[PDB]
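In what follows, a single structure is set out as structure tokens and then discussed.
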Amino acid sequence: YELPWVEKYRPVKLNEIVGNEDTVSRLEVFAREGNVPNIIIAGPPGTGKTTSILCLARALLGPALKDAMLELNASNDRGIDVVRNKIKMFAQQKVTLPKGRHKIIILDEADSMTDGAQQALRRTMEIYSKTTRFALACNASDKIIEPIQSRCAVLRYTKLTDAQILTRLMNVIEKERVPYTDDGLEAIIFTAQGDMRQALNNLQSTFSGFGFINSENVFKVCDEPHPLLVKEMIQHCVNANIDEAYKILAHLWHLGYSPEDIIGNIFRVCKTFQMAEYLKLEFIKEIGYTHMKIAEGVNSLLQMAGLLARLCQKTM
Amino acid sequence: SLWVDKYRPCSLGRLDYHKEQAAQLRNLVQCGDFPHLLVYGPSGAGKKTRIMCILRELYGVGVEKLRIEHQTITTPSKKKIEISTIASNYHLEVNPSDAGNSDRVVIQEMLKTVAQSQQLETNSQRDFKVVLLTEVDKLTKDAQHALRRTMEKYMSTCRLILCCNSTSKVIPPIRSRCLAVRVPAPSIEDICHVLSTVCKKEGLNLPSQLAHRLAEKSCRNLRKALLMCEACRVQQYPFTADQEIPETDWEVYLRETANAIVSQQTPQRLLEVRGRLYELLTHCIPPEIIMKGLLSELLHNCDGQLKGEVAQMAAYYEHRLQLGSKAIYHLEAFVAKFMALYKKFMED
Amino acid sequence: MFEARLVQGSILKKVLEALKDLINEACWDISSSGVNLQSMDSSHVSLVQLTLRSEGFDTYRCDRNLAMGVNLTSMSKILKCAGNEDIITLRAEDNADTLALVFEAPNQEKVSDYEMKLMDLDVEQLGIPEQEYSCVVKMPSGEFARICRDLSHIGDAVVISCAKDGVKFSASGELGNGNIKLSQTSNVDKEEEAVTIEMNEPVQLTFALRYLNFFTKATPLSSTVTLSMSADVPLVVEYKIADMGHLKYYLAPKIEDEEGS
Amino acid sequence: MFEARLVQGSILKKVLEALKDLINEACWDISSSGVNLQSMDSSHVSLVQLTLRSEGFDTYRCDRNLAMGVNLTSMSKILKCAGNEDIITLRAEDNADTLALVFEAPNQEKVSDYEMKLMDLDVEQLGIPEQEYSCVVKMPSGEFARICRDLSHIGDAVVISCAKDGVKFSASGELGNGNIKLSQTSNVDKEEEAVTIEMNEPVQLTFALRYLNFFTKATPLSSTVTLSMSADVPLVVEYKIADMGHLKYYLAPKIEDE
Amino acid sequence: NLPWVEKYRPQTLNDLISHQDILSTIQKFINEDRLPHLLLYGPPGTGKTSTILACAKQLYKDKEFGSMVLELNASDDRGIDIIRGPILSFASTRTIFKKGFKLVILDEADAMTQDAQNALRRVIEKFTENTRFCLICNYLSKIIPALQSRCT
Amino acid sequence: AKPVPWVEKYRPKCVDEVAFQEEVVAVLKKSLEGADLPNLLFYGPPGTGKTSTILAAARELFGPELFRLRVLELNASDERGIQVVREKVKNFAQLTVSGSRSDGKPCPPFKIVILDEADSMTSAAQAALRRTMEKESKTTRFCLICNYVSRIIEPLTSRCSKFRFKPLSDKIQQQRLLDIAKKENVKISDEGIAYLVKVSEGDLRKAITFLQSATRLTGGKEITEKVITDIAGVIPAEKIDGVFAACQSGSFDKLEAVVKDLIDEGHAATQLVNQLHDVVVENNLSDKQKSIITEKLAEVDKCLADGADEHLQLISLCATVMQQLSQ
Ligand SMILES: Nc1ncnc2c1ncn2[C@@H]1O[C@H](COP(=O)(O)OP(=O)(O)OP(O)(O)=S)[C@@H](O)[C@H]1O
Ligand SMILES: Nc1ncnc2c1ncn2[C@@H]1O[C@H](COP(=O)(O)OP(=O)(O)OP(O)(O)=S)[C@@H](O)[C@H]1O
Ligand SMILES: Nc1ncnc2c1ncn2[C@@H]1O[C@H](COP(=O)(O)OP(=O)(O)O)[C@@H](O)[C@H]1O
Ligand SMILES: [Mg+2]
Ligand SMILES: [Mg+2]
């Protein structure tokens, strides 16, 4: 009954988080000081918004965490009566708290809440701010209204640079003494894409699945289109060759890959490909157009063939 | 009172143009089993004239006693939407396209409501009653699917008359069960005929040449022609052939837009013409109408070896404006491509 | 040929109102020993076993075993046609799509024939093993129903602990805490109001309150309720349905995370 | 000038929830014979004839023939202020726009005066013909409400058939069928618990159950109901409100064929 | 008689073929009790439900199958209601019989909204040692990347 | 009586009235002895009578006693909602009767449900229909009726038996419409009947509705070519000759004249695409000219399907047929 590595290697203090260094340092300044403002943390998944908010709440409250901290989440019902009752009478309650430490309402996945939920949120966070402070977590700030981002301090978490993902990955691997190859670990970076929980789960998964951490094992337990094949496809589309890229297309189509994953890996490889900048812009526009062809419901091999033809003709 | 609607015809025998379609519709409504109608044609051709004329021929005297009712509907999301209704004691008339994404909601609920309503003294008047769907072409797909469901389930008690233009966006399987009535735009001679009639009734002596100018500048649109005639009467009662016709502000604004385009081919003139395009777009006029006006006032200037590519790019940017959601990017892309092609044309 | 006569008529109504919202389709397994039923909720958390013995019926005869699919909402409406003192005769064929219930007045004046259409269901007979329990507590039915009805206002769960003092029902919700204790009662004038506790080892388990509120609608069936509770064993709620059978429930306990704070 | 005083006021309250759901507004017609209500439902199915006789009232003054059309939901709201034992006074003048309702205590310690706004209604009086009905079944109104309520769960309509074996109610639906049967009771202890069948010709007729559920809110008024049927005529259901008066409901049978 | 598709659903991990690696890894997971939450994705009709049903019938007997496996799909109404209904109520509780982890089998799992996927991924985090989910889907790209970061 | 339209009135009724569709009779005739069948899907142009064929077929498999109890017929364009797909079929399969009849004949114990015009459903509704077919594969059999193949999705067509329904192809409809004309006392010549056949590509129902409409407008007069051209949605041929004469040689002023003279007439641009395509693929133009014109006609019909403006696109289409015709 061993715990998974996502929850086993969760940080317990605020200096173990490698996401955004200035924001983490200012959060630690507020943890040692006490008067934490209303904060909202935005960014891609896996950057560590939940562990930053949880570690801030723990380092603030301590032993009074079970009564001075309310964690409302997406798996719980968040209707109009919930923001009318649960959040309100948590914000109205009294807790014997120190001079600087304040009550915390951890509102994880605030972008999934309805409009009336945020309508009942706004007055609560403006009025009861002498006692309770809201630490919102979210993925996209567009689904949240502008007034909540106005009354909060917005903390943009970036997608993680691969170096800090490597440092945490050597920390976990040295904690487990799991053998590795280097290129397999770079394959784990490529499978992560700024999602650190995805990197940990894929490493976990892959070792339990197949011993040595080598490109073959991680690319077997994931089964995305291979970076070398799609990179050679885009390279064959660079020098105006429809046929040589079409053997790679038939290789990736007779392997049973769905067209959505094919075009997603095509765009992700085309993001970092070494070619001319205007040519990269035209390629990204055509890959986007074929991706709307896919998303509208035309998932044939001939749409991939037409994508290859358009990338070939745009290179003279 | 304006004469554009004061001298509107009532009976099918006092129509000025399309007499054969008038006789065909009169003999169609003369017998029983009046079918579902889909009336179509260009704007200003006189579709609604035929529709209230058909309503006059189908019923007795009380066909023009109209009033506005307001009906609320509920979306699947908890939100009340108030819709308008032009109604009489013999017929219904709804514009259902005012509700944008909730058009399936009104198309289900409102015609379910008027279908469940019972015709009081139904033996006295006629077998069924008629429902007008004034703007029906820009309804979405499943809204029109619920529309043909509504046409199928109440075929005995409620037939519909759908009025629109450009039926390409109207779905196929509503066109199969609806009798397609096509009203062409009246010709230059028919427009001159009705202008001469509406002037001879009101004690006027309009020359024929000015009637030809009114017809040729009305672009086969009779309401606009009678409004130009009215405005010409207001401007000057002694009518000369060399008369300054009071054109509408948005056409001459498009003419100034077009000559601002062809004057200079620089990004600063592109900024000025983008400001003019924003001023045109802010008046809630459709961008296909702006595109058509830009192409009509643009083809009077360009050389004969460049009209084809200009027309192809006009169709291309109108289509991509229809596929998109914001008009100004596609419009100013069209203007930028025209400036680039024209500066290539005079540069070589 | 399934003819089964039942003189006391509202006890089947109370049996059904116990199954009324807790389960929507169930299968009746019919043998010469009588009527059997074993079903689960749609969430697969609570198990219901209903056994009606052969000798409890007035005239029971049954040639062959019958697996019979039933929607309890349809005969929830049909058993509301039955009176409180009415005699219920159940009739079915060996290859029936039909079910006949005849409601008879005690003075033989009013006769009622009612028909239910049956549905096919796949039956998974989950054989419940005989397990010895660490704790067996018999308590009043109305007392336990009141216990869950008060504790469902505080929170959504109850912590039931059986120890040497007695049985403790606890709840902890956003309104606050709640702890109701019950001790062994030495002397009651009636045997139906006493709380009597037999023990091997003190236990402590957490249960959802929606399920217990669904369970305790079986209050007028029996005056006494037997809760059999143990570690790694479900919460057995036995109602002895007079002398004609028994209604038994099985609740899996909830997961309690261990926190040092 | 019209005043009426009645010593038992809960019977008019029971009248009120007997027809506050069936009909929304009703015209009360008072002549020297008494009070008559011949009203007609919104969905064009049911007719209701409620009559209250003069002799049962404690005192009664009526000058001219009068017709007041009152909304029964609102005047059901005003009779909910009254109790179950209070003596009730109804007052209205000859040109009355108002209805005065005075509820007095039996010990005369509480006397209550309220006012009701009245409205004008265009009333058509349907002439109910005196005709010989073939079948008359007298049975317990509590059991009759029980019959309508337990058959309403099964289906939307009942085919009921009466013959030499007695009366029979049948309903069909997606849950199944229901078929209740009553015979002629020979020996009873109370006459209100007996079932009596007067027979001329066995008849089968189908009627919607919503209106039967609506009609069975008059069951505290009478211990017995009377169900009268014949061919091609509306069904009569009848409550005897004491010796005070009667409550007849005329139901249009369902003739829909597949 | 029945159509041949329903008569030969491979009932045994022996009858099925051409999926030997999935067979080997899943039996290796289930013999040593290291099975994580599963997300089975591919084309239609390649045997996604058959292998997980044969594995669940390999683990448990027929007399205890009703309390250790809950099967849902999109024939029922799916959204934010039934994730807060049967799924977590099955997931948060213990076993009526014996001991061991449970199983939720969710066929055609790509048909739910991303709010429902966020509710389900938090349910997966909250109860893991007592519940092992199985989500069968056609397209991987309809599933949020955190949910793919939970289940293998 | 009510005025019945002559499509469902004149449809076949029995199994052998299907006008030479004996394969559809024979496959079932085999299934009578086999007492087993998978899901069915009949695709074909309408007026052929797929619904009446499956109604008489289910009458043969169950009988008139079991027809109203074991056959559920629903119209998919009348039941496009995802709720009524996922509730009424579930309720029909949950209410089960035995597969034994009072006549003593053997009967297979699965239900019959019919979904007519299933091609008009969307992708999500057809996916929910696939789910309903998946969960009810034991106690209720599914058959569908549609007019086109690819409008039905690939998972919905992968679990059914596909049957093509051929209509009355040639030389039968003309005398049949003549019998309808002589029965209702309708005067219409041979060329009008031939034009009625020609305006509908293999569609009987379109021809009956056009004849009904033309007889309603005339009321007892001669059915000329003008009335049929008006009802059937045909641009008159002299407009196409004027368009080709303007686009053959000259200036852009005459094109604008004929395009603004084709929109003003009320004609749909898709009809111009269809008829201009018909007169390009049959004429004596060059292969390059025919190819460029037809590819642009396909692109113009694409953007008209997407809701673009007809005026500018008929301008551009006439511009490229001018640039192909003048050169
Ligand atoms: N900056 C980080 N440093 C170290 N470990 C991290 C970091 N970010 C994430 N992790 C690990 O990833 C796990 C999941 O992190 P979470 O904070 O839950 O992700 P998240 O920011 O909440 O994004 P969501 O909730 O999926 S949208 C944690 O338990 C850590 O083990
Ligand atoms: N590897 C296999 N070996 C043998 N039979 C197989 C195999 N894969 C599929 N089948 C057969 O295919 C039938 C259907 O399998 P399913 O598992 O129901 O399909 P699926 O993978 O769930 O795809 P869905 O349900 O349409 S998303 C089974 O009953 C088997 O008879
Ligand atoms: N025979 C006629 N006599 C007088 N006016 C006419 C006649 N035919 C058409 N018109 C005018 O032409 C205008 C056409 O407007 P309308 O019927 O709304 O067409 P559309 O619906 O296409 O805009 C009307 O305002 C009407 O007054
Ligand atoms: Mg989070
Ligand atoms: Mg499957």
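Using the three backbone atoms N, Cα and C, a Cβ is placed for every residue, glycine included.
Some features that Swiss-Prot has for this protein:
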- C:7-100: region 'Interaction with NUDT15' (REGION)
- C:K14: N6-acetyllysine (MOD_RES)
- C:61-80: DNA-binding region (DNA_BIND)
- C:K77: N6-acetyllysine (MOD_RES)
- C:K80: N6-acetyllysine (MOD_RES)
- C:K164: ubiquitin cross-link (CROSSLNK)
- C:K164: SUMO2 cross-link (CROSSLNK)
- C:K248: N6-acetyllysine (MOD_RES)
- C:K254: SUMO2 cross-link (CROSSLNK)
Can you figure out which of C:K14, C:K77, C:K80, C:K164, C:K248 (the recorded positions) comes closest in space to C:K254 (SUMO2 cross-link), comparing Cα atoms?
C:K248
Per-state residue totals over the DNA-binding region (C:61-80) - DSSP helix, strand, coil:
5 helix, 7 strand, 8 coil
When distances run from the Cα of C:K14 (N6-acetyllysine) to each of the recorded positions C:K77, C:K80, C:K164, C:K248, the nearest one:
C:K80
Surrounding residues of the DNA-binding region (C:61-80) on its own chain - C-beta under 8 Å, 6+ positions past either end:
1-4, 12-13, 16-17, 19-20, 23-32, 92, 94, 99, 101, 114, 116-121, 123
Fewest-neighbour residue among recorded positions, criterion Cβ within 10 Å, set C:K77, C:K164, C:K248:
C:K164
Determine, using Cα-Cα distances only, which of these modified residues is closest to C:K164 (ubiquitin cross-link): C:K77, C:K80, C:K248.
C:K248
Calculate the distance in Å between the alpha carbons (Cα) of C:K248 (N6-acetyllysine) and C:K77 (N6-acetyllysine), and round it to a whole number.
23
Filter the recorded positions C:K14, C:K77, C:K254: retain a residue only if its CB is under 8 A from a CB of chain F. Output in sequence order; output 'none' if empty.
none
Drop a 10 Å sphere on every Cβ of the recorded positions C:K80, C:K254 and tell me which sphere holds the fewest other Cβ atoms.
C:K80
Chain E contacts among the recorded positions C:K14, C:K248, C:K254 (Cβ under 8 Å):
C:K254
Assigned element (helix, strand, coil) containing C:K254 (SUMO2 cross-link), judged by DSSP:
strand
Taking each of C:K80, C:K248, C:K254 in turn, which of these recorded positions have a Cβ less than 8 Å away from a Cβ in chain D?
C:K80
In which DSSP state, out of helix, strand and coil, do we find C:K248 (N6-acetyllysine)?
strand
So for C:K14 (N6-acetyllysine), how many other CB atoms are inside 10 Å of its CB?
18
Name the secondary structure element type, per DSSP in three states, that contains C:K14 (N6-acetyllysine).
helix
Which three-state DSSP class does C:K164 (ubiquitin cross-link) fall into?
coil
Treating G and I as helix alongside H, and B as strand alongside E, what does DSSP give for the region 'Interaction with NUDT15' (C:7-100) in helix, strand and coil?
15 helix, 39 strand, 40 coil
